[PDB]
Amino acid sequence: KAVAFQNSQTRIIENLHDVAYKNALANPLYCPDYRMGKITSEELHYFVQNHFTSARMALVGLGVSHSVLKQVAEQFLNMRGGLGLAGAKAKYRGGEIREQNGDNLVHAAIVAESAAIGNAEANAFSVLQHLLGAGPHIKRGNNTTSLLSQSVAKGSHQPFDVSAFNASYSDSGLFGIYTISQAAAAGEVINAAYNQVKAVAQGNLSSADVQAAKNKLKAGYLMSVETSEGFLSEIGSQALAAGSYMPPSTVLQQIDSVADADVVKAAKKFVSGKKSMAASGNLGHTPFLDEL
Amino acid sequence: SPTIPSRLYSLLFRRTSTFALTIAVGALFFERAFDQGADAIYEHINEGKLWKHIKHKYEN
Amino acid sequence: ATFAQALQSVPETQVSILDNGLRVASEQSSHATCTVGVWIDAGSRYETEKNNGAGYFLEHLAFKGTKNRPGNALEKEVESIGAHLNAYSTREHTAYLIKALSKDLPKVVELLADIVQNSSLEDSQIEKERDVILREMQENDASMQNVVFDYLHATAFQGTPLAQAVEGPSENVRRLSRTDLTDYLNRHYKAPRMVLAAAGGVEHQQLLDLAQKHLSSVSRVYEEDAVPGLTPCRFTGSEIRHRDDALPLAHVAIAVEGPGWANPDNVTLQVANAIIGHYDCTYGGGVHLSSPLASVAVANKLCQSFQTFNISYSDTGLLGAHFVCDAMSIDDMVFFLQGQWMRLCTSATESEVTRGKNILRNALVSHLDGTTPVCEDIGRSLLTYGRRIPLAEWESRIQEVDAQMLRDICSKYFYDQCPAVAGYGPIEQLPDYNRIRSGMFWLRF
Amino acid sequence: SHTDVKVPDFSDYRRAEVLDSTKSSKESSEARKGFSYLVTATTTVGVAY
Amino acid sequence: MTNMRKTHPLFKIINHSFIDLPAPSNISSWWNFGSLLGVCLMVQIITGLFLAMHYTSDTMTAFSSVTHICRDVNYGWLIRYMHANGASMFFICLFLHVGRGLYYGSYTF
Amino acid sequence: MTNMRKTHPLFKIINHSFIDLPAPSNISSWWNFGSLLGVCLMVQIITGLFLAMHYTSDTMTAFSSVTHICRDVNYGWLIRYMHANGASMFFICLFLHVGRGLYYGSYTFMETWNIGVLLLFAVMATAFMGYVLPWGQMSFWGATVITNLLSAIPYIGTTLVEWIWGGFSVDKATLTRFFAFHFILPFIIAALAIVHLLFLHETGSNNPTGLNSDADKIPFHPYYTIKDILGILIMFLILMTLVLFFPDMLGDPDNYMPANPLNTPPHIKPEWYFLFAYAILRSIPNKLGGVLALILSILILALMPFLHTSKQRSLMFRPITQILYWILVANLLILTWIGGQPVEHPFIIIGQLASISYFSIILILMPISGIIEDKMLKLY
Amino acid sequence: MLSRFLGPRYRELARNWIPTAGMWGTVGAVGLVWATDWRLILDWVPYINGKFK
Ligand code: HEM
Ligand code: HEM
Ligand code: HEM
């Protein structure tokens with residue numbers, strides 16, 4: 001947990017999920033400090049007996065035949081029960097956690113509820129992410145086609161980095177803006193990024209930018225499934241989520257089926273939605289949720 | 001052609017056991033050679049004075 | 001479906017040579033993406049201590065505007081197609097590589113032909129990147145392993161161009177001019193030292209036609225006929241130590257002289273590194289790790305991490321180990337590390353050699369996965385060996401290694417050798433060079 | 001900057017066969033080690049006697 | 001684990017006193033002298049022990065035993081004169097050790 | 001302020017080794033004996049020093065100097081007989097210390113045990129040369145017999161014996177060098193005892209139950225301080241009733257005659273604590289066989305930690321091995337009785353059977369019995 | 001002697017360390033005949049035959 005929390009955006013994502021959800025998605029990936037020294041063996045046995053059951057598992061093999069994999073599946077994976085425990089549907093609360101720790105850089109994340117996995121609108125949200133900037137394409141580049149970088153960079157003479165954050169889970173969604181800036185200029189960076197998304201939500205976008213965002217999304221997917229590890233992660237995620245294998249050509253086809261009005265609707269859903277904020281650093285000039 | 005300490009390092013001075021064997025063999029031959037040289041130097045300094053230089057006149 | 005015919009089933013890297021002498025090499029797969037790169041045989045080893053930051057400052061300046069694509073246009077149509085643009089510089093090689101789709105393969109190639117050939121080096125951009133590089137070196141000052149490896153190069157290759165860093169000193173960054181950059185380009189961006197490599201969904205005849213159309217009629221002639229040469233670099237057994245007690249942890253690297261790229265003994269040495277291996281504090285193995293150094297480091301709570309390296313340059317290199325640990329353990333860590341080296345010089349058994357062979361096989365086959373590391377390996381292979389070594393040849397060279405020649409190679413490169421030591425942090429309990437040098441041999445052997 | 005440091009010149013102290021930085025080592029390291037270990041071995045022979 | 005030099009209870013005393021002992025780098029040859037004293041003490045003891053193998057502490061035969069050591073014992077003259085000149089060498093090293101302690105302010109220990 | 005006992009670098013060692021040392025609360029009176037040995041060592045050294053101010057190591061004057069000590073020095077008879085009976089008390093306490101170590105499984109402290117058997121060899125050599133020192137009839141003939149049987153080693157034995165003698169026989173040089181060696185070895189014994197204490201203090205002491213006594217430990221002061229003082233007082237009572245009332249019950253009368261090389265005694269003995277080894281030395285009709293029998297009869301204590309095959313350290317809960325141990329003590333007493341007897345029937349066959357039984361009980365019978373005892377507790 | 005050190009790896013270790021052990025035994029033998037001046041050994045080495053030892 002210390003090695004994982006060595007860098008600030010991990011703690012920002014943890015605090016953001018804890019802000020955003022009441023239950024069933026706000027549980028941390030890393031163990032809380034009080035629970036260390038108290039997790040017992042029967043709790044692990046209970047978790048394995050209630051969640052490692054046969055109807056929730058997929059065995060995926062690259063470089064093996066189907067016969068060997070299915071015979072070790074019938075020789076090992078037949079002694080478990082069924083569907084196991086259900087869950088708690090991950091209801092939304094919103095709010096704000098500000099963690100004053102006096103860093104030189106202020107990290108802020110402002111997120112709202114979005115579509116889940118399997119909704120078509122989530123695909124539009126993905127396009128909206130690549131409309132706003134989901135990472136650099138040049139080592140030491142200026143991010144010329146990133147709308148957030150263009151909107152913030154004209155009023156900043158000191159280092160910053162702004163991107164669009166997208167997180168889709170099987171029953172919920174979280175789309176928002178991530179900003180890293182100086183302590184004295186966090187407010188203008190956050191306000192410029194929020195105004196850029198508000199301008200996107202009012203129908204001020206170019207179709208060439210939507211086509212470039214679609215090309216970015218398609219190239220990112222095809223580069224994600226390029227390695228064998230990413231390919232098998234994609235196959236396992238598809239088999240768990242939908243119970244079938246979707247070809248990459250069909251994935252690109254449903255990416256190309258996204259309209260720009262759907263991107264406007266996704267940005268309007270982010271703008272009109274209830275916000276959730278996680279911030280850290282020297283927050284003397286970081287604005288609040290009602291101050292936006 | 002390699003230098004003579006290079007050949008000595010490649011053959012004898014690389015392993016510590018061969019280093020000790022070279023030290024022991026050199027100790028025997030050095031003891032014998034230095035005993036000969038020092039005895040010759042001392043006898044040459046003291047020609048005609050030692051008992052071994054004059055004992056032939058009394059062995060009868 | 002055995003391992004031997006599986007390695008035979010890997011496609012052959014196809015290599016052609018243009019009229020100006022630049023190599024064009026490709027490897028085809030069934031991926032819809034591709035990686036196309038340009039590898040140039042140029043680095044900080046080719047600099048003469050007046051332009052020591054030149055290659056770094058040119059790779060900063062390469063993507064900021066050319067003659068046909070001024071300013072930020074090159075960004076606009078590299079990222080309108082979703083391509084990713086990357087560049088890096090080592091001490092001996094420079095790489096400019098693009099990850100893209102297969103259908104965007106022609107434009108990407110001429111984009112590369114726009115980068116290494118027609119770069120426009122604007123003066124205000126020179127000032128901006130000078131400030132950027134100065135504060136980026138200020139950022140790199142706080143990463144202790146980069147500082148330690150730079151110190152190791154500086155103390156192991158003293159008086160040679162291999163000691164200096166890729167970034168160069170800060171004064172050279174302050175006073176590099178445009179004329180020196182143009183002289184560096186016109187001296188080192190020559191056609192017979194350039195490889196256009198491609199991996200993935202690339203047709204080799206299409207790539208050859210595009211390289212003929214875009215990369216032809218460049219360089220090939222030194223203008224004053226001043227042909228440079230690569231002199232050998234002297235290895236110096238020495239130690240540098242930067243003591244600074246306010247740092248929380250200490251980083252120590254100990255190396256010996258490697259053989260170089262062309263020596264096959266590297267393969268054997270790699271197996272030796274696989275016997276010693278690596279460890280980090282987040283490893284799940286714990287005390288049951290197969291490496292004796294990692295097991296004793298877990299059991300005695302010695303190190304935060306350790307790793308072994310075999311860095312190779314043109315007939316030279318650094319072969320050794322880097323560890324980060326707290327101060328009170330440092331000497332003890334050194335002791336155990338040296339013991340492992342002497343074990344590999346004296347008492348290497350066949351089981352650990354077989355384990356190291358399996359680890360090396362898995363490591364290289366797992367590294368050659370994806371278009372980017374395959375294109376990266378193609379570029380380094382044609383720059384260093386002059387050819388792409390097939391993976392079955394690597395497997396044969398691995399399988400010809402046994403315990404006897406591993407002992408012989410480890411004794412030739414490790415036993416009774418003067419190491420280079422670099423230390424940074426609370427390094428008061430780091431032992432003397434005399435004690436380390438005495439620990440580089442055994443009295444019982 | 002950590003790249004600003006440079007090892008100074010040791011050529012007043014270095015041996016004649018390692019004085020040139022443009023020529024390699026390992027074709028003269030065995031000679032230097034043999035000379036030093038010959039000094040040590042002759043000292044050991046005298047002490048043993 | 002196998003760092004016996006710092007884990008063996010006998011060997012850690014010799015280690016802590018003579019191997020890993022932090023000593024000042026700049027101490028001159030004067031700091032040799034006390035170590036010489038210890039070695040000279042050992043020499044005295046050894047020579048004295050062999051001088052104790054043939055000496056009788058009787059007033060009628062003490063001088064006779066000394067002459068018998070110097071004349072009839074093989075290299076007994078060597079042992080006796082090493083003992084006497086080692087006593088002289090011991091006092092030379094004591095005087096220089098005390099003078100070092102007086103000059104360099106070592107009496108604050 | 002500052003606690004001077006735990007901070008002063010000379011008082012810190014004294015504190016850690018004698019005051020605040022955590023000792024087991026249940027150790028019996030047998031654990032006194034080693035401290036008694038240390039006291040006996042000091043007593044011997046002190047008495048030896050006061051014998052050395054008047055003794056002369058000359059064959060013409062050694063017996064005369066001993067009689068001058070007994071007759072003309074004020075209380076010189078007291079110091080001489082205190083020295084002799086203190087050597088006897090030293091060997092009594094040494095045998096009981098070794099028996100405690102054998103019975104309670106204390107030999108698993110292997111370094112302490114090996115430093116112990118080195119100390120035992122040094123003490124036996126010191127006592128042998130000290131008994132040679134008064135230059136009586138018995139001293140000269142005991143030295144002659146012991147060195148003559150030491151000459152049994154092939155190809156070096158005669159040279160080694162003439163080197164130890166410094167001549168063709170036991171003469172003036174032998175007595176003078178024996179005086180020097182007998183003087184110098186108890187200080188080496190004191191240094192080896194310091195190493196013995198250090199090797200014990202790495203791990204603490206054993207208790208008679210043989211269990212981990214970490215839950216119940218007490219400071220050494222004042223409990224074992226006053227217990228060791230009481231044991232010192234009782235040992236002094238036995239030593240002074242040995243000196244002041246029966247001063248010659250353990251010595252030999254023939255040592256009160258001067259050393260005659262021409263006259264041999266009718267029966268030659270060492271002093272009593274060597275006697276059992278002497279019996280083992282004459283239980284084999286071969287000189288090398290007897291010499292190696294004596295050497296392995298002392299070194300079998302060093303071999304003892306490798307023969308422990310039981311899952312219980314002590315013999316408190318092991319009755320069959322207790323019976324075998326007391327049979328071992330029994331035939332050790334038998335060998336002590338045979339060693340003072342002349343070589344005729346039936347002493348020869350009794351000594352041969354006693355030596356065979358001694359080596360078979362230590363080598364064979366105790367590990368087999370420990371295996372059987374582990375089988376009875378459903379452990380094996 | 002014990003079943004802990006029985007196997008192919010320990011046999012390989014013994015084969016690795018047996019020429020070093022033999023060389024150390026040769027070192028000990030030469031040192032013994034040098035220190036003791038053993039005549040039965042030293043009256044066959046040709047150079048030191050004149051030492052009468
Ligand atoms: C415990 C160890 C020692 C023993 C057994 C010992 C024994 C002897 C003996 C037997 C003699 C008389 C023989 C002779 O006259 O040469 C002697 C003489 C002497 N010893 Fe020691 N000695 C010892 C240590 C020392 C030490 C440490 C010193 C002081 C440095 C010392 C100083 C002398 C001197 C000055 C003489 C007189 C030398 C002469 O005039 O011939 N001894 N010793
Ligand atoms: C360093 C201290 C010692 C000195 C200086 C010393 C000195 C002497 C001397 C001068 C004698 C001859 C006087 C006599 O006949 O009693 C003697 C006798 C003897 N010593 Fe020691 N001794 C020492 C320690 C020991 C020790 C530790 C032992 C026990 C192992 C021992 C055992 C003997 C014996 C048995 C005799 C013969 C006593 C007799 O005549 O019956 N001595 N010692
Ligand atoms: C020179 C005579 C000796 C002296 C002065 C001596 C001194 C001591 C002392 C002071 C102790 C600690 C107190 C105690 O437990 O009794 C001790 C314990 C011990 N000694 Fe000795 N010792 C001597 C001979 C031996 C011998 C010959 C052996 C080996 C057979 C030996 C083995 C041990 C052992 C094993 C212990 C540990 C006792 C336990 O924890 O059970 N000692 N000794």
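In the text below, chain A, chain B and the rest are named by the order of the sequence lines, each starting its count at 1. Both ligands and their constituent atoms are indexed starting at 1 by order of listing.
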Going by distance only, is there an N or O of F:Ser106 that falls short of 3.5 Å from an N or O of ligand 3? yes
F:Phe90 near ligand 2 by a heavy-atom separation under 4.0 Å: no
Closest approach of any protein heavy atom to atom 9 (C) of ligand 2, naming residue and atom: F:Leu133 CD1, 3.9 Å
Under a 3.5 Å threshold, yes or no: a donor from one side chain and an acceptor from the other, between F:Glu373 and F:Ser310? no
May I ask which of F:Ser57, F:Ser139, F:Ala84 has a heavy atom nearer to atom 41 (O) of ligand 2 than the others do? F:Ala84
Under 4.0 Å from atom 12 (C) of ligand 1, is there at least one protein heavy atom? no
Examine F:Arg313 relative to F:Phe109 and say whether NZ or CZ is less than 6.0 Å from the centre of the six-membered ring and inside a 45° cone about the ring axis. yes
When every non-hydrogen atom of F:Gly136 is compared with those of F:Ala259, the smallest separation belongs to O-CB, 3.3 Å
For E:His83, the N, O or S atom at the shortest distance from atom 21 (Fe) of ligand 1 is NE2
Classify the ring geometry between E:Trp77 and E:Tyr75 as parallel (under 30°), tilted (30 to 60°) or perpendicular (over 60°). tilted
With a cut-off of 4.0 Å, which atoms of ligand 3 are near a heavy atom of F:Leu200? 12 (C), 18 (C), 37 (C)
Is it the side chain, the backbone, both or neither of F:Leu197 that has a heavy atom closer than 4.0 Å to ligand 3? side chain
Just checking E:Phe50: does its CZ atom have more than 12 heavy atoms from other residues, nucleotides or ligands closer to it than 6.0 angstrom? no
Protein heavy atom at shortest distance from atom 34 (C) of ligand 2: F:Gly130 C, 3.9 Å
Taking the six-membered ring for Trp, are F:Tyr358 and F:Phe276 ring centroids under 6.0 Å apart? no
How far is atom 22 (N) of ligand 2 from the closest protein heavy atom, and which atom is that? F:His182 NE2, 2.7 Å
F:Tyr104 heavy atom under 4.0 Å from ligand 3: no
Step by step, work out the side chain to side chain contact (heavy atoms under 4.5 Å, CB included) result for F:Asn26 and F:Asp216. CA-CA 9 Å; F:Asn26 66 316; F:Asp216 218 335; over 6 Å; no
Heavy atom to atom 16 (O) of ligand 2, shortest distance: which of F:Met82, F:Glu271, F:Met124, F:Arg80 holds it? F:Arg80
For atom 3 (C) of ligand 2, which protein heavy atom lies nearest, and how many Å away is it? F:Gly48 CA, 4.0 Å
Numbered in order shown, the ligand 3 atoms found under 4.0 Å of a heavy atom of F:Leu119 are 1 (C)
Has F:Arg100 got its NZ or CZ under 6.0 Å from the middle of the six-membered ring of F:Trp31, at an angle within 45 degrees of the ring axis? yes
Is it the case that the side chains of F:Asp248 and F:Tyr256 hold a donor-acceptor pair, with the cut-off being a distance below 3.5 Å and no angle test? yes
Logged contact type for F:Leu94 with ligand 3, heavy-atom cut-off 4.0 Å, is side chain
Suppose I only count heavy atoms of F:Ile45 and a 4.0 Å limit; which atoms of ligand 2 are within that range? 2 (C)
Intermediate values then yes/no, side chain to side chain contact (heavy atoms under 4.5 Å, CB included), F:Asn15 and F:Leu21: CA-CA 7 Å; F:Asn15 175 49; F:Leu21 184 135; over 6 Å; no
Can you report which non-hydrogen protein atom sits closest to atom 35 (C) of ligand 2, along with the distance? F:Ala87 CB, 3.8 Å
Could you list the atoms of ligand 3 found under 4.0 angstrom from a heavy atom of F:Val98? 27 (C), 30 (C)
Under 4.0 Å to a heavy atom of F:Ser205 - the qualifying atoms of ligand 3, by number: 40 (O)
Does the ring center of F:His308 lie less than 6.0 Å from the ring center of F:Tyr107? yes
Trace of the side chain to side chain contact (heavy atoms under 4.5 Å, CB included) decision for F:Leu328 with F:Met366: CA-CA 10 Å; F:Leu328 176 68; F:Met366 292 180 183; 3.8 Å; yes
Establish, from distance only, whether the side-chain atoms of F:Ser57 and F:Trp135 form a donor-acceptor pair under 3.5 Å. no
Distance-only polar pair, side chains of F:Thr56 and F:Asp58, donor-acceptor under 3.5 Å: no
Which of the atoms of ligand 2 are close to F:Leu51, meaning less than 4.0 Å from one of its heavy atoms? 10 (C), 13 (C)
Return the orientation label for the F:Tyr103 and F:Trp326 ring planes: parallel under 30°, perpendicular over 60°, tilted otherwise. tilted
I need the nearest protein heavy-atom contact for atom 38 (C) of ligand 3: residue, atom name and distance, please. F:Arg100 NH2, 3.3 Å
Which protein non-hydrogen atom lies closest to atom 1 (C) of ligand 2, naming both residue and atom, and how far is it? F:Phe183 O, 3.2 Å
Mind checking whether F:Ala127 contacts ligand 2 via backbone (N, CA, C, O), side chain (CB onward), both or neither, at a 4.0 Å heavy-atom cut-off? both
Side chain, backbone, both or neither: the part of F:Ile27 lying under 4.0 Å from ligand 3 by heavy atom: neither
E:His54 and E:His68 aromatic ring geometry - parallel, tilted or perpendicular at 30°/60° bounds: tilted
Taking only heavy atoms of F:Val123, which atoms of ligand 2 are found under 4.0 Å from at least one of them? 30 (C)
Which part of F:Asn206 is near ligand 3, with near meaning a heavy atom under 4.0 Å away: side chain, backbone, both or neither? both
Can a side-chain donor-acceptor contact be found between F:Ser213 and F:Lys217 if the only test is distance below 3.5 angstrom? yes
Using the side-chain hydrogen bond (donor to acceptor under 3.5 Å, both in side chains) definition, which of the options F:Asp171, F:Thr174, F:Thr147 pairs with F:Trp165? F:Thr147
Is there any N or O on F:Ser35 that sits under 3.5 Å from an N or O of ligand 3? no
Can you report which non-hydrogen protein atom sits closest to atom 7 (C) of ligand 3, along with the distance? F:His196 CD2, 3.5 Å
Hey, are F:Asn255 and F:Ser139 close enough side-chain-wise for a donor-acceptor pair under 3.5 Å? yes
Checking contacts now, so for atom 26 (C) of ligand 1, which I'm interested in, is there any protein heavy atom under 4.0 Å? yes
Which protein heavy atom lies closest to atom 28 (C) of ligand 2, and at what distance to 0.1 Å? F:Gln44 NE2, 3.3 Å
Would you say F:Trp113 has any N or O atom under 3.5 Å from an N or O of ligand 3, going by distance alone? no
Does ligand 3 come near enough to F:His97 that some N or O of the ligand is less than 3.5 Å from an N or O of the residue? yes
Atom 15 (O) of ligand 3: which protein heavy atom is closest, and how many Å away? F:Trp31 CD1, 3.4 Å
